[PDB]
Structure formats: structure tokens, C-alpha cells
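Chemist: Protein chains in written order, with the entry's author numbering: chain A, 450 to 647; chain B, 1 to 30; chain C, 279 to 334; chain D, 1169 to 1990.
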Amino acid sequence: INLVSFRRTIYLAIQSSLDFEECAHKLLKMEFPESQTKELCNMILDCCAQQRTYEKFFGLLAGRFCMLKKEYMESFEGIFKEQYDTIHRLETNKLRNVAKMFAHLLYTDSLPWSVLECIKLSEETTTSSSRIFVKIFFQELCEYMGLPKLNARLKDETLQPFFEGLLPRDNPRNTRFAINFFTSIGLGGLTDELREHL
Amino acid sequence: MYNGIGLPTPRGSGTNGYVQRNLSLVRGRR
Amino acid sequence: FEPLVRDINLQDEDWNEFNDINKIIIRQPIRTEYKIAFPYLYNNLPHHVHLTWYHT
Amino acid sequence: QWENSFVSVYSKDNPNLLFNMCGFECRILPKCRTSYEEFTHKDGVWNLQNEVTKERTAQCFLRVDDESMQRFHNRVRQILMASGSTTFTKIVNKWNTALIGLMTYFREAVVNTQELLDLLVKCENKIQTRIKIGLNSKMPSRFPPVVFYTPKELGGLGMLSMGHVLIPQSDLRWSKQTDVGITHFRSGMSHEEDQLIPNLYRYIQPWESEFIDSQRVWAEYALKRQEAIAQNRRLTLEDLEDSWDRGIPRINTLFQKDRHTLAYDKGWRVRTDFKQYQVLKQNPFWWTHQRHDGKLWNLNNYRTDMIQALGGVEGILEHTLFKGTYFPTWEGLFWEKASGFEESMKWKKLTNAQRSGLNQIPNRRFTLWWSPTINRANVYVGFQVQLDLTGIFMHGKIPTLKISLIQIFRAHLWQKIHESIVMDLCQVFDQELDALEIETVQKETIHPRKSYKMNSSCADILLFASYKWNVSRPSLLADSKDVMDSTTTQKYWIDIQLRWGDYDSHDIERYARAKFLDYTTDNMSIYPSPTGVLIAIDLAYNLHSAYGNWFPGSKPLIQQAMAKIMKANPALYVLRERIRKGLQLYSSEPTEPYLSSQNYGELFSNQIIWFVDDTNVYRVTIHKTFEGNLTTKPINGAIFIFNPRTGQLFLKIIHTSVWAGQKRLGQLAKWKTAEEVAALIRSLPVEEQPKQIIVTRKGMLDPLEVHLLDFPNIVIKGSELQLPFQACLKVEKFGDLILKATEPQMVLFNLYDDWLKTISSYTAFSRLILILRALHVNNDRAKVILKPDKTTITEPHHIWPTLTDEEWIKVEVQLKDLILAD
RNA sequence: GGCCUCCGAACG
């Protein structure tokens, strides 16, 4: 009941108040306790993917929202970890919205921290939802996120060794399958590290 | 007309929107 | 009260660039109470103003 | 135009770039040459990507539209200002229509600058304030957002407003020079209490949504048509599963029949711009014709989610919808919606009085449709009113309350509805005298000002008991079970009351209880002993209760008696009757049991059934004087009640004395006829009061339903049958009798003569009617035929001449084939 | 850290 009414008002103010960056004054004006913060982030992502198309206002509301307090960005890290557990459970059309919001917050990189480690599943084990969505978020996030500085700066950020599928050298299927999937997805020279390491 | 913001004529449009600072302006300032 | 003597807007591109500065000092966000009791702090329309009661 | 024209030249000195191209204007700056921070994408910005580099090269923030600003403000200026007295429904339809046309494509263009968005507050402010000007109220508390917006038949004007918003105005001129910041953004909506309305801007599609939409969709249809061209065709519902509605070039548009097959290569932009500059006006087309393009503006979650944010059933409870929906409880599903747009009006343009009266009802429908405007008590100039002979609380618009409410309340008969509920309780209490051992029970005298005074109490009826009423705390009727002390003194008497107001905020408990303790605390009028029962009912949403002492044999008695009696009262029959009659919108059930077929056979048995034709009550002589003008002088009419079984005919003549001084003589003939029939019913003892009344007109149906409320056993029904009592009338009886009638009087007539002895009432009835329409066409040739022999004579005391049965049959055949001839 | 224009009567 509390999450149903909280989602009814959160969705009512979500569909209203154009330029949601200003609507954050109302969202924070609701004064929801810490118990409603995690449910407000999960239901906030549900309303973000509930639209008929990818909306940048959801990415801005998540960037400023999660960027407000410590438990906010923490709720974005844990909520992103719970979002990584969706995979095939997520909708096909909503996967592009999750890749647009996750690519928008990933372009800023502020709130997400270990999200780069939670991604990159194994070589032959995938639901194709995280592979296709990883290709959409990798292409769009590569275009708008400064891919040369994102891959070059990400190589020294220790995000690749923290990710399972991004690990070069030892594992032949991770580096080789990462070179075939990356080069096949349009990464180009970004897979040269796993290609030479493999 | 407060500091930095105000409407000369409060009766000019609708009602005076008791604005504050927005829970997001502090996020952008920090 | 009202806008009083001010009609709508009066300004200039060269006057604003001379009076103000794109790069200037920033300390406090222009406290209105500081300019209230100090008619020299706010130079906009200082006409027919009874003010400046110092302390107590 | 030189100085009138504008241009911008970007160079190494100019850090950013801009242009005025197309509408509004554009601006762009490269991400590499931007020194401060990085590109900030929030609302008004835009992503400029380089296809060669496969990345975002620059960031483009464009502008607002000044020409479209003043074009929309002037469009609402001539729109609303040029619109005079008329229904606010279509006014808000064109208002929100064109306003959505300017809001069709806005996105970061209108969202960028707050100056253009600030004009919408004056837009909707002058819109709802304009409707309030039409209502002559202009009170903010009298028009909450509930009546401001609602889709379809929910009762709202359907206005879609983006009012509830706060523009990002920060640091005044200091930021006008700085142009960087967000703080303390505007104010908010017009009037919003713990709620926020929807916004069409947030529910629309940004230009980026069209970019990626037509991009990925153009690739989906691209590769789809590719593989369909190389491989076989395979054109099927898969394209529908591809979401053809995505993107402005909708696949469903190009896949249509008349679109791909019909029309032509050259687009519709020719007639768009040209015709937009041509004919008698322009229109709001920012893209192309509906045939050349579409799938852009779709309500969907705007109206759906709008009703979701609205109170819904709770909103109708806050309004007067559920109030008038009390008895028609099934009307909550929006069955019949509304009707009556054309009605009896001729074409469209007509006399100014026919146009004002044509717009009266819808303005009165939306006016009286919302009770709390004139009901809920407000501040400032809100004053008390007594209404007409019933009561009132808050003041308000004169035409709504007096005009619409008085028409809904009809005549003073509402006092007979209150006395009909009191007398309905007195007659509804029978075995209570035996159960409670009532020594003396007598109904007190009902004064016309007693029920009309809301401040004082009201006397209903008097009763008694063996000892007295057993009870302790005279709580409300809905109170739970409590210990009831004896406290036996003398006797007790029940009371009653009613409240027609308090739509939104009403409490039967606090107001009924505290009202009984108030009027009972002081001394105004106390019908019962200090220990007694006082009943209080409210006409809003069919409310009933009792604030008096609840006895173990009283509270259940009047409880269930108010369950069935308050379930359907005669006063409640007038409440739903006159209620739905004033609404004239949603009727989920027809009438019944209207006479069709079996009523003719049932007309001859051992029950009631009266045929009433008043058509000739109003008769005039139209003679043109030689000045060139018509003079209309009324002549005496008559009121008719016929008994099908016995042929008993009732004659009530109406005279120019009661035709004198009044106006609207057809409607006055309706009300006068129904009232006189009611009086005759009251005069023909309950055995001689009818079981049913058959009439030929709905204008007979409603007034009879108004006047007959005091006899619920009587059932009213209509009929399509044709009964020329006019022909008979002139013929012989009212030619001589109404021609000679000097005053209203009443005489029992037998139209079957000896038929009841010779033949059955059914044969006399059908033979009667056929020979009636005969008595018109051949009245002419009935005055020819009905004396077939020279010795045929009509006895002075009968209606008809004496003929042999075979001759009667010949008359039947000749006049029946006559009816076939017309 | 706060600022809350609103406010109807006839005639026509």
C-alpha cells in the first residue's frame, strides 16, 4: 500500500513537471524516509523504463538524485547491482531505456562505481539481453562518453580486471570471445588488448 | 522581490510560488 | 508594495559590462539585508529613500 | 530588410555559434573549444554528434520562439476575447486544442527560456478565470482544480494545463549577466493543495526522441524492406510488432491503403503553407497533413493518467456527480454519456434569444452540475440565502442556483415532498402502535414555514408508548449498540429534517446530533417530550439518519423503514425524476411499463387504467385583422380521463379566466392538466383512484409524475395510440358543449352506450378507436355515413345512434378501409 | 532558513 501510493505519486509527478531536474525539489520535498529511498530508487527505475521511449530526464533525475546524498549514490550502486541481476528478465524495449539511463549515468560515472565490474559476464554464458544491451550502451556510451578516453582511461582504472568478461591474458575464452564479441559489436581497436593478450 | 529572485507584481501572474532552493541546487553546488 | 519608480527594464550592453565584471570576486551571495541598511551597497534607483538607522 | 534581418557569423573570436534558421533560433558550441568544465546536458541543451568521427562533436542549445510567443498570446487574446457568451466546453476545446498545437513541438525550445513558459500561467489563468467570469463568480475557492480538468463525461471541461510548474529564475540580473545557475525557481501552479497536475510537455516527445526514433526505426524498416526485397515478401503483422507508431515517418502511415495507393508523390507542404496563407484563416499545422504524416499527438496516458491523478470516483464524490447519481447507482459506469446537442434547434444560426437559450442549458448543465460552487461555504463575500421555500447555505451565481436549481426543484411541491416523507413515516408506522403500545398517535399540523426554516427544528408527527421510549443517550442512527436506560416519563414523538446542500463537506452525525442538541437545547419548536426521537435527512447523495433517542423497538423500526423508504421514496422518486430530468445527459434505463400491446387486453378486466388526452385543453381562434397582424384569442378546452372497461369519461373544462394573465400556454396546459387530474384522483375514493394512467405524451408523463407523488400505487405510462377526442369533442358534444361552456365544471359520460350489454369491452374498445380515426376523416364522411338510413337516430342520452349488428359490421369495414385509405 | 497576487454586486 505504501509502495503502491508512493509509486502512484512518484509516477504522477514523474509524468508531470517537465525538466525533472527542477522536479527534484518536489521529489526531495516529499521527505521520504530511508526505508522509502531504496523502494523509491527501484520504483524510480521502473518508471524510467515504463515510458514508451528512452527519456534523458530519467538520467538527469538519477544523476542529481543519486548525486545528492551518500545513501543516494549508494542506492544507485546497490540498485544497479540489482539491475544487473535482471538480464533476460528485463523487457526487450525497456532494455534500450536501461542502456540509455545506465549509459547516461555511466558517462558521468559519478554515482556508479562497481557497475563496470558487475558487467562483462562469461564467454559463452549470456542471456543476450546483457550482450545486446551492452552493445547498445557500449555504442551510445562510446559515442557520447569519449570512447578513446573512456577505454584508455578505463584501462588504468582497474575496471577491466574487476570484470569477469573483460579479463585479458590467462583465460582464452574471455579474451578471445571478448575480441570476437567486441570486434563483432563495433569496438574496433578496443579489443586489441584482449586479442594480443590472447 | 527577494534577493536574486522575485516578481515585481505578485498579482501579475497566478499566485506567488513560495520557492526555496530546490533539493537539487544543493546537489549541483556540492 | 510595488515597482515604484521603475517601469519595466532599463539597461545597456556597454553599461553592464563596465559596471559588472564577467570575472570578479565572489564571497557571499549578495545578501539583501546587507544592501537594505546600506544605501551605498545597492546603487539601483536611490531616489526618495528614508533609511540608514545605525544599530541601537 | 538589412537591419530588420538578423545574422550571426561564428569565428575564432566568437566562442559559440548561433542562427535564426527556421522557427525560433539555434545555438551550438563545440565541446573541444569549450573551456569551462564540460558539456552539461540537462533540458535545453542538445547533443550534436559527428557521423564521421562516431561521437558527439558539439552541444547545441537553440532558443525560444518570440514570434510564436506573441503569436500564441495574441492567439489566446483573439481566441478568448473574440469568444462571447457560449458553452465553456467547446471554448476549452479550442483553448487546449490550439494551446496543444503550440505545445505539439516544444521540448527544449520552449523549455529553454522561462519567459515563454510564464505566459501559460496567464493563459490558463485567463481561461479558468474567463469561465469564472462567465459564471459571475471569480472565486478561487469556488473552482478548485477538480472542476478545472477532467476527460470526456467526467464533468470537467477537458482542459489540459501545464500550470503546476516553477520556472528556473535565478539571481535576477546578476545571472542575466552570468547566465549560469539554478536556484529558487518561480512559484508553482495557480491553486494546488498537496497535489500536482499533469504536464503535456513532460508527456510529449522531445526532438531527440524523434532523432533516435526515426533513426533506429528507419534502420528497422530499412533492413526489413531490404531482406524482404532480397528474400520473399513476407509482409505481415511483424511490422505491427515493430512498433510502427515510433518515429514521425510512421510505418503504419506508409503501409495504409489510401496513403500508398492514393495521394501522390509531391507532398502536402504546398497546400500546408499556401492554404495556411489562404482561404478564410490558418490552422495549427507545424509538420504536414494528417494523410502525409501522423502518429505525433496521442492522448493515451495524458487522459488516462490524468484521470488517474484525478480523484476518480473520489473526485465524483467531491463533486455533485455522485450526489445526483444516488438512486441511479449504476450510472457510475458512464453508460449513456450525454446527448441533446441538436435537440429541436433549426440548423445553427438563429435568433439571439434562441442562441442564448441554446447555450443556457449547457452552461446551466456545467453550472448546476457542480454543487460546491454555490454550496460549499467560502470566505469573503459569501453570504447566506434562503433559496425558495426550502433552504440554502452559501451564496453564488444567480442563474445557476435560482434558474437551474429552481427548475430542478420545479414548483413548491418540494414542501409536499418533505411532508410526503413525514406522512410516509406516519402511514409507514402501523404495527408500532401495537408493538410499542402507543396510547395516542396524531400527526401534528404541518406549517409551510416549519420545514422552510433551517435554523429552527421541525415537527413531523406525534406518537405515544406504554410507559415511554426506552433509551439513554439520543445519539445518531448509525451509532453502535449501547446501554439503553429506561427513563420513562410520558411519551415521545419522532421528527424529521432535510438538507439539500453541503456537496463536498457534509456530516449527518455532527450536524444531525449537534443540530438536535442545538434546537433542542434552546426553545424554538419542540414537537415531542424532552425524551423523544428526532430524524434528520439530507437530500445530498440520499442521506438519512435520526439524532433522537434510539429505543430497542424504534432504532430498527425507523432504520429499516428508512432503508426501504429512503431506498425508494416518493420524494426520492421526484429526486431521481427531476434530478435526471435536469441533467438530461445520462439515462441508463428507459421507462416502463409503457403501454404497447398487452395493455389493450388488460384494459378490460377488473383493475384501473385511465386514458388522458389534453391536446384540446389549449384551443385558440387565429384570425388576421386587416392591419396585417394575427390576433390569437384562446377558447375553452377540456381535460379527459376515459375508462376503457366501463366507457366512463371524465370531463374537466378549462376556462379563459384561468387562461388569463399567464403565458407559455402549452406548458401551462401540461401542468394545469396534470394538477387537475391529480385533484380528480384525490376526489375519486381510493377504490376510484386509478391503478394506472395511460397518456399519449411525454409532456404528459413528467408533470403527472410531479403532481402524483402522493399516491405511489399509481403507475404512469405513455402510449403511441391515436385517439381523436377532438373529433368527438366538436362532434356533437363539445361542439355544442365547449362552444357554450361558460366556466369550469364536471360530467360522467358513457361512450359505449349499450355496447357493454351487447358486446365485450375489447370489441367496444377496438371498434371504438377505429371508428374514432374514422370520426376524423370520416367525421367528414362519418357525418355522411353514420346515418345510413333516413330513420337512423341518436337518442338524446346516448353517444351513438341505434343500429343493427350487421350495420355495425358494415360501419367497421367501411371505416377500417377508410383508415387504410387515409 | 521563511516570502502564498487571488477573492463580487447589480444593472445592461
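The beta carbon of each residue, even a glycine, is placed where N, CA and C say it ideally should be.
What does the alpha-carbon distance come out to for the pair residue 1283/D and residue 1371/D?
Modeler: 21 Å
Chemist: Whole-angstrom Cβ separation of residue 1564/D and residue 1762/D, contact assumed at under 8 Å?
Modeler: So it is not a contact: roughly 39 Å between Cβ atoms.
Chemist: Per DSSP, which residues does residue 1404/D bridge with? Please list them.
Modeler: In DSSP, residue 1404/D forms no bridge with anything.
Chemist: Cα separation between residue 1780/D and residue 1860/D?
Modeler: 11 Å
Chemist: Any idea if residue 1785/D is buried or exposed, counting beta-carbon neighbours within 10 angstroms, 16 or more meaning buried?
Modeler: buried
Chemist: Given that a residue counts as buried once 16 or more other Cβ atoms are within 10 Å of its Cβ, and exposed if not, what is residue 1200/D?
Modeler: exposed
Chemist: From what residue to what residue does the alpha helix (DSSP H) around residue 645/A run?
Modeler: Counting along the chain, the alpha helix (DSSP H) containing residue 645/A begins and ends at 641-646.
Chemist: Using Cβ-Cβ distances below 8 Å, what residues of the region 1-21 of chain B are close to chain C?
Modeler: Contact annotation: in the region 1-21 of chain B, residues whose CB is within less than 8 Å of a CB in chain C are 2, 3, 4, 8, 9.
Chemist: Per the contact definition of three or more C-beta pairs closer than 8 Å, is the region 1813-1825 of chain D in contact with the region 1916-1935 of chain D?
Modeler: At 8 Å Cβ cutoff, the stretches touch.
Chemist: Rank 617/A, 637/A, 607/A by C-alpha distance to the C-alpha of residue 596/A and give the top, closest one.
Modeler: 637/A
Chemist: In three-state terms, what does DSSP make of residue 1807/D?
Modeler: strand
Chemist: Just how far apart, CA to CA, sit residue 18/B and residue 1353/D?
Modeler: 9 Å
Chemist: Which first and last residues belong to the beta strand (DSSP E) in which residue 1720/D is found?
Modeler: In the DSSP assignment, residue 1720/D falls outside any beta strand (DSSP E), carrying neither H nor E.
Chemist: Name the DSSP bridge partner or partners of residue 1841/D?
Modeler: Paired residues: none, contrary to the question.
Chemist: Report the rounded CA-to-CA distance for residue 320/C versus residue 1193/D, giving the unit in angstroms.
Modeler: 36 Å
Chemist: Going residue by residue through the region 1845-1920 of chain D, where are the continuous beta strand (DSSP E) segments of at least 3 residues, counting only ones entirely within it?
Modeler: 1860-1863, 1883-1886
Chemist: According to the Cβ coordinates, are residue 1541/D and residue 1310/D closer than 7 Å?
Modeler: yes
Chemist: Compare the Cα-Cα distances from residue 1882/D to each of 1862/D, 1348/D, 1890/D, 1895/D and report the closest residue.
Modeler: 1862/D
Chemist: What are the residues in the region 1421-1446 of chain D lying within 7 Å of chain C by C-beta distance?
Modeler: none
Chemist: May I have a chain-ordered list of the alpha helix (DSSP H) segments no shorter than 4 residues that lie completely inside the region 1545-1577 of chain D?
Modeler: 1574-1577
Chemist: In the DSSP assignment, the beta strand (DSSP E) including residue 1791/D goes from what residue to what residue?
Modeler: 1787-1793
Chemist: Shortest alpha-carbon distance to residue 1686/D belongs to which of 1754/D, 1315/D, 1642/D?
Modeler: 1642/D
Chemist: Could you tell me whether any Cβ in chain D is nearer than 7 Å to the Cβ of residue 23/B?
Modeler: no
Chemist: Could you tell me which residues DSSP pairs with residue 1194/D in its beta bridges?
Modeler: In DSSP, residue 1194/D forms a bridge with 1187/D.
Chemist: Quick test of your reading: residue 492/A and residue 467/A, contact by CB under 8 Å. State the CB separation rounded to the nearest angstrom.
Modeler: That pair is no contact at about 20 Å.
Chemist: Could you tell me whether the region 1559-1578 of chain D touches the region 1590-1603 of chain D, where touching means 3 or more Cβ pairs closer than 8 Å?
Modeler: no
Chemist: So is residue 1213/D in contact with chain A if we call contact Cβ pairs under 7 Å?
Modeler: Residue 1213/D does not count as touching chain A.
Chemist: Under three-state DSSP, which class holds residue 623/A?
Modeler: It is helical.
Chemist: Who are the neighbours of residue 1182/D on chain B, taking C-beta pairs under 7 Å?
Modeler: Residues of chain B passing the Cβ test: none, with the nearest at roughly 28 Å.
Chemist: Do three or more CB pairs link the region 1833-1844 of chain D to the region 1797-1810 of chain D at distances below 8 Å?
Modeler: Of all C-beta pairs linking the region 1833-1844 of chain D to the region 1797-1810 of chain D, three or more are shorter than 8 Å, placing the two stretches in contact.
Chemist: Out of 22/B, 2/B, 12/B, 1/B, which one is the CA nearest neighbour of residue 1334/D?
Modeler: With distances taken between Cα atoms, residue 1334/D lies closest to 22/B.
Chemist: So, using beta-carbon positions, are residue 612/A and residue 645/A closer together than 7 Å?
Modeler: no
Chemist: Please report how far the alpha carbon of residue 548/A lies from the alpha carbon of residue 1755/D, in whole angstroms.
Modeler: 52 Å
Chemist: Pick out whichever of 1555/D, 1669/D, 1936/D has its Cα sitting closest to the Cα of residue 1617/D.
Modeler: Taking only the C-alpha atoms, the option nearest residue 1617/D is 1555/D.
Chemist: Going along the chain, which residues of the region 458-476 of chain A sit with their C-beta nearer than 9 Å to a C-beta in chain D?
Modeler: 458, 460, 461, 462, 463, 464, 465, 466, 467, 468, 469, 470, 471, 472, 474, 475
Chemist: Can the beta-carbon of residue 552/A be found less than 7 Å from the beta-carbon of residue 586/A?
Modeler: yes
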